[PDB]
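K.L.:
what's the 3D shape of this:
(2 chains, ligands or ions: 4)
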2 protein chains.
Amino acid sequence: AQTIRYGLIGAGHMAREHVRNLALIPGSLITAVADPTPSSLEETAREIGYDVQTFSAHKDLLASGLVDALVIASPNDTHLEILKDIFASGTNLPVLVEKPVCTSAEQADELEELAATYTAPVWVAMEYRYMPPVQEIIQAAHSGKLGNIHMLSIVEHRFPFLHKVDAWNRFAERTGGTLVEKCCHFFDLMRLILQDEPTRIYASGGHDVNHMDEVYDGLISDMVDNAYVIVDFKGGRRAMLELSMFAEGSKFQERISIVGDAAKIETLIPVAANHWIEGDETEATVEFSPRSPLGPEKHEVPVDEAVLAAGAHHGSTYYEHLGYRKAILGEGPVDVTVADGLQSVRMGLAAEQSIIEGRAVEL
Amino acid sequence: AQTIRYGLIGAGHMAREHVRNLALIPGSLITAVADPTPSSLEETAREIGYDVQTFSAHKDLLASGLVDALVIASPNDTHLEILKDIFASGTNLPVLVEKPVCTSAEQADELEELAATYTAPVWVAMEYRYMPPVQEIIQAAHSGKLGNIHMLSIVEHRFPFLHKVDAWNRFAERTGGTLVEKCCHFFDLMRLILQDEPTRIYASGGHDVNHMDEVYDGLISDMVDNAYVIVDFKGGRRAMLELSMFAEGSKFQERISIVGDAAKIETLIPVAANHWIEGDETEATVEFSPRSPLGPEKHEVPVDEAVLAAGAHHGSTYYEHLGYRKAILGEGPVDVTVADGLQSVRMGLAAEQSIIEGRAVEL
Ligand SMILES: NC(=O)c1ccc[n+]([C@@H]2O[C@H](COP(=O)([O-])OP(=O)(O)OC[C@H]3O[C@@H](n4cnc5c(N)ncnc54)[C@H](O)[C@@H]3O)[C@@H](O)[C@H]2O)c1
Ligand SMILES: NC(=O)c1ccc[n+]([C@@H]2O[C@H](COP(=O)([O-])OP(=O)(O)OC[C@H]3O[C@@H](n4cnc5c(N)ncnc54)[C@H](O)[C@@H]3O)[C@@H](O)[C@H]2O)c1
Ligand SMILES: O=S(=O)(O)C[C@H]1O[C@H](O)[C@H](O)[C@@H](O)[C@@H]1O
Ligand SMILES: O=S(=O)(O)C[C@H]1O[C@H](O)[C@H](O)[C@@H](O)[C@@H]1O
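P.N.:
Numbers count the residues shown, from 1 in each chain, chains lettered A, B, ... in the order given. Ligands and ions are numbered 1, 2, ... in the order given. See the structure here:
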């Protein structure tokens, strides 16, 4: 197995999930980790469990000559500046950049121009499509088992945002807002599943429950914690997103349903084991419901135990790394492009704007 | 048992469901049926199974001296004119008037003035709240078991509109549109459950699938067959409605979820037995999902077999009749008032307008 040397820029929560997944893939060697918070470097080094060179600044990692590929897992509002440095570095390194790829309309416009002239693989790390149960419903939709598709519903019911370094995720300025930070994944799935582009978005949401009295270094937390979104698409399909960040009692965290003119399909995805009751491992299900003849078929979709244990996104990060590896080695394309990243972000920003202004937003 | 003599104005599909439910209630006697379609009279008479007087015109039924109470189950666009004749008749008869109570903004304004001066019970027959599983979740919400309520989602996945006499239900002018005809029930449940009034509605929907090969003197149906709706409320709660009229493969026809800041509750309601596979009786469920401690509780909500067999609305029409009986006997209130009927209609009209204009509508 050809060795790829990975550099991690950002060494927090999600970086450690990247570490655990790369450990499952022969040929993967972390050589370099950059993070301006020493305790993050220590904790990530322990997770890696073998010697790496650490850096406080990403520019030193880029100049290190230690790496064949990068992973960026720093806070959302830092993604553009890190990417700009990579583009100007002359290293020509591949990049897996965590979602959201950026956090504002200005950032998005700039990244679009810059990324156009960069030739190395740039993959946006929206991994949800590779969850085995999600893959089944995408294959169903694309194969025509559902007929012509008209509707897509995504319901996410989960716990409040977790505690992060410097509390970065508690503020819209740093995150893009909830509909970008948490929901870009879902807007991307909408494009993928419907194979269509959005034309109009409306959202209603509020900051109603979570983190209400929390101030950090003189700032008040201002993130939406529940919302509904309706998205219209060019081809006369429509999708709906429901989010609650205070519905963590729900055994199933995600429900995704697709309705076509020949059938319906629905996946239910359990809470990750590390957040659920220690005890009852529940499996994800896919239920296919043809219009005629009546007779829904439901089955469980198992994930390999090691793939599943390595992350909190139901095996998806592992398949993302297989895909990125093939891109680095020039044996595969980038499945999730900058342009996918930009569309999902602009959809999320349009949603955040709709929530504020109480009006639908055109795209 | 105190006898109530019922007059039916409109003797089609839903009237026969009224007949079957009144048959379960001691003291109920149908004496009079008015319908301008002879075949409807015959078919309803057979359902009743005992001699009744029949009329082609409702005015003759009102003058008959045969009745203590009325049920109106004629096409939606006729409800107002029949009610006006009852109000001006001087009979002072109680009325159970099928939903939607009316079909346009003008009708609604007129009915509001007229109904104010009428003193006999006028009950709008939105019965869904009395479905045993729906009753449980309303009791849960109102009792505070969920904490403060923030979100309400209603998903209806069902078969295309059934065939009616004169195909009345295939046209928006005659129905109020899909969001009035089919969805007034749901908008009313939103008001009931949230105990709040709507301020803004947005809906996306289309006529995408159904009734495309049905031609009626050269006209096609113009009714929506799928939609999403978001409703904001005065108190900063929000609800979402999802409708598909071409999702009849779904084992569960209705899903309703309420999310509060202490817990979530969710009911699933099966397709009525005469529309589903002959064979698998599925029960309705209610699942209670507290935020803390984790531990969802799910149970079946059984309905009495006779109550269930008498209707296609999961036992609800029977409890509606018990309620209306008490109103007629002067011993109970009208649970679902004209004003409830008018609000649900105005909500639906606003949704129909939003679908057309691609903008949110104020209330
Ligand atoms: N794809 C997914 O499923 C998923 C899941 C979780 C997080 N994320 C994403 O991962 C990223 C990080 O989130 P997290 O949960 O790991 O947060 P975290 O707070 O645990 O980690 C962020 C780390 O970045 C470091 N950092 C801050 N500024 C930096 C800079 N300029 N350069 C380098 N490092 C910097 C911090 O010191 C910290 O160690 C975000 O973009 C988030 O959206 C994605
Ligand atoms: N609450 C519910 O669950 C529910 C269920 C089904 C129908 N409905 C309502 O019941 C009503 C009737 O629908 P249906 O499914 O029984 O339709 P249907 O077409 O089966 O019956 C309608 C009947 O009304 C008669 N009619 C037509 N014009 C009339 C008039 N001017 N005066 C008197 N009768 C007239 C027709 O001849 C026919 O027999 C509608 O308002 C519909 O919205 C409610
Ligand atoms: O739970 S938090 O860590 O607060 C927030 C994160 O949660 C999930 O894992 C999502 O995939 C991710 O996109 C998001 O950044
Ligand atoms: O199936 S149809 O009869 O066409 C349409 C009817 O559907 C259900 O029975 C609803 O309760 C009723 O409101 C509506 O009028």
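
K.L.:
what's stretch A:47-55 in contact with?
P.N.:
Stretch A:47-55 has contacts (CB atoms under 8 Å, 6 or more residues apart in numbering or on different chains) with A:16, A:19-20, A:30-35, A:41, A:45, A:61, A:64, A:66. All C-beta atoms are positioned from the backbone trio N, CA, C, and that covers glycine.

K.L.:
Whichever of the residues you listed end up buried, select them in PyMOL.
P.N.:
Restricted to buried positions by 16 or more other CB atoms under 10 Å in any protein chain shown, the PyMOL selection for the contacts of stretch A:47-55 reads:
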select buried, chain A and resi 16+19+20+30+31+32+33+34+35+41+45+61+64+66
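
K.L.:
Any chance of CSV for the contacts of stretch A:47-55, columns secondary structure and distance to ligand 3?
P.N.:
Shown next, in CSV, are the contacts of stretch A:47-55 (DSSP: H, G, I helix; E, B strand; the rest coil; distance: CB to the nearest ligand atom, whole Å):
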residue, secondary structure, distance to ligand 3
A:16, helix, 12
A:19, helix, 16
A:20, helix, 14
A:30, strand, 21
A:31, strand, 26
A:32, strand, 23
A:33, strand, 20
A:34, strand, 20
A:35, coil, 17
A:41, helix, 20
A:45, helix, 21
A:61, helix, 23
A:64, coil, 28
A:66, coil, 27
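
K.L.:
quick one: contacts for the nearest residue to residue A:215 once chain neighbours are set aside?
P.N.:
Leaving aside its sequence neighbours, residue A:215 sits nearest to residue A:221 (CB to CB, 6 or more residues apart in numbering or on different chains; 7.7 Å). When contacts are counted by CB under 8 Å, 6+ apart, residue A:221 touches A:167, A:170, A:171, A:207, A:211, A:212, A:214, A:215.

K.L.:
of those, buried ones?
P.N.:
A:167, A:170, A:171, A:207, A:211.

K.L.:
of all these, which two lie farthest apart?
P.N.:
Spanning the widest gap among the buried ones among the contacts of residue A:221 are A:167 and A:207, at 15.3 Å by CB to CB.

K.L.:
any idea how far residue A:362 lies from residue A:199?
P.N.:
As judged by CB to CB, to the nearest Å, residue A:362 and residue A:199 stand 7 Å apart.

K.L.:
between the two, who's got more neighbours?
P.N.:
residue A:199 (14 against 11; other CB atoms under 10 Å in any protein chain shown).

K.L.:
buried residues in the helix or strand harbouring the more buried one?
P.N.:
Per DSSP states H and E, residue A:199 falls inside strand A:198-206. Residues A:198, A:200, A:201, A:202, A:203, A:204, A:205, A:206 are the ones in strand A:198-206 that count as buried (16+ other CB under 10 Å).

K.L.:
cool, and stretch A:91-107?
P.N.:
Within stretch A:91-107, the residues scored as buried using 16+ other CB under 10 Å are A:91, A:93-104, A:107.

K.L.:
Could you do stretch A:281-295 as well?
P.N.:
Quick answer for stretch A:281-295 (16+ other CB under 10 Å): A:284, A:285, A:286, A:287, A:288, A:289, A:290, A:291, A:294.

K.L.:
Among the residues you listed, which ones lie close to chain B?
P.N.:
Among these, the residues lying close to chain B (CB under 8 Å from any CB of the partner chain) are A:289, A:290, A:291, A:294.

K.L.:
Beta-bridge partners for the second one, please?
P.N.:
On the basis of DSSP bridges, residue A:290 takes part in beta bridges with residue A:263.

K.L.:
And the buried ones among the contacts of residue A:221, which is closest to ligand 3?
P.N.:
Closest approach to ligand 3 among those (CB to the nearest ligand atom): residue A:170, at 9.7 Å.

K.L.:
list the contacts for that closest one?
P.N.:
Residue A:170 sits next to A:161, A:164, A:211, A:214, A:216, A:219, A:221, A:223 when contact means CB under 8 Å, 6+ apart.

K.L.:
quick one: the helices in the stretch 1-150 of chain A?
P.N.:
For the stretch 1-150 of chain A, applying DSSP state H, counting those that start in this stretch gives helices covering A:13-22, A:38-48, A:58-62, A:79-89, A:105-116, A:132-143.

K.L.:
contacting residues around residue A:11?
P.N.:
By CB under 8 Å, 6+ apart, residue A:11 lies in contact with A:33, A:34, A:35, A:37, A:40, A:41, A:43, A:44, A:73.

K.L.:
and the closest residue to the fifth one other than its chain neighbours, backbone torsions?
P.N.:
Closest residue to residue A:40 apart from its sequence neighbours, by CB to CB, 6+ apart: residue A:11 at 4.6 Å. The phi and psi torsions at residue A:11 (degrees, to the nearest 10) take the values phi -130, psi 50.

K.L.:
For residue A:11, give its distance to residue B:5.
P.N.:
81 Å.

K.L.:
And for residue A:198?
P.N.:
On the measure of CB to CB, residue A:198 and residue B:5 end up 58 Å apart.

K.L.:
Then residue A:335?
P.N.:
Separation of residue A:335 from residue B:5 (CB to CB) stands at 71 Å.

K.L.:
and ligand 3, which of the buried residues of stretch A:91-107 reach it?
P.N.:
Filtering the buried residues of stretch A:91-107 for proximity to ligand 3 (criterion: CB under 6 Å from any ligand atom) leaves residue A:99.

K.L.:
Okay, and which of the buried residues of stretch A:91-107 map to strands?
P.N.:
Under the assignment DSSP state E, the buried residues of stretch A:91-107 contribute A:95, A:96, A:97, A:98 to strands.

K.L.:
Please name the residues that touch the last one.
P.N.:
Read it as residue A:98. Shown in contact with residue A:98 (CB under 8 Å, 6+ apart): A:10, A:14, A:71, A:72, A:73, A:74, A:76, A:79, A:124, A:125.

K.L.:
from chain A, which residue is nearest to ligand 4?
P.N.:
For chain A, CB to the nearest ligand atom, closest residue to ligand 4: residue A:291, 15.3 Å.

K.L.:
Out of the buried ones among the contacts of residue A:221, flag the one nearest to chain B.
P.N.:
residue A:207 (10.1 Å; CB to the nearest CB).

K.L.:
so how far is residue B:85 from that closest one?
P.N.:
Distance of residue A:207 to residue B:85, given as CB to CB: 52 Å.

K.L.:
got the end-to-end distance for stretch A:22-38?
P.N.:
Length of stretch A:22-38, first residue to last, CA to CA, to the nearest Å: 22 Å.

K.L.:
Return the distance of it from the chain's centre.
P.N.:
19 Å (CA atoms, centre = their mean, to the nearest Å).

K.L.:
Kindly report the same for stretch A:217-226.
P.N.:
How far stretch A:217-226 lies from its chain's middle: 21 Å, per CA atoms, centre = their mean.

K.L.:
need the residues of the stretch 1-150 of chain A near chain B, please.
P.N.:
Going by CB under 8 Å from any CB, the residues of the stretch 1-150 of chain A near chain B are A:148, A:150.

K.L.:
Closest residue of the stretch 1-150 of chain A to ligand 1?
P.N.:
residue A:12 (2.0 Å).
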